[PDB]
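In the deposited numbering, the protein residues as written are -1 to 36.
Heads up: the structure comes next, in structure tokens.
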Ligand SMILES: [Co+2]
């Protein structure tokens, strides 16, 4: 838990994220995600 697979991308609601080298952070888009956006 509290982790991602390094260098993977993943989705969180309407946002997309790229997992850091450490697996402990991710670079994510910051879009507001209203209903229907995902
Ligand atoms: Co963990």
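Ideal Cβ placement from N, Cα and C applies to all residues, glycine included.
For residue j and residue i, believed in contact at Cβ under 8 Å, the rounded distance
{"i": "residue 17", "j": "residue 36", "result": "The pair is not a contact, with the Cβ atoms about 19 Å apart (cut-off 8 Å)."}
Residue i versus the options, residue with shortest Cα-Cα distance
{"i": "residue 4", "options": "14, 30, 21, 10", "result": "21"}
{"i": "residue 0", "options": "28, 34, 23, 32", "result": "23"}
{"i": "residue 27", "options": "6, 2, 33, 15", "result": "15"}
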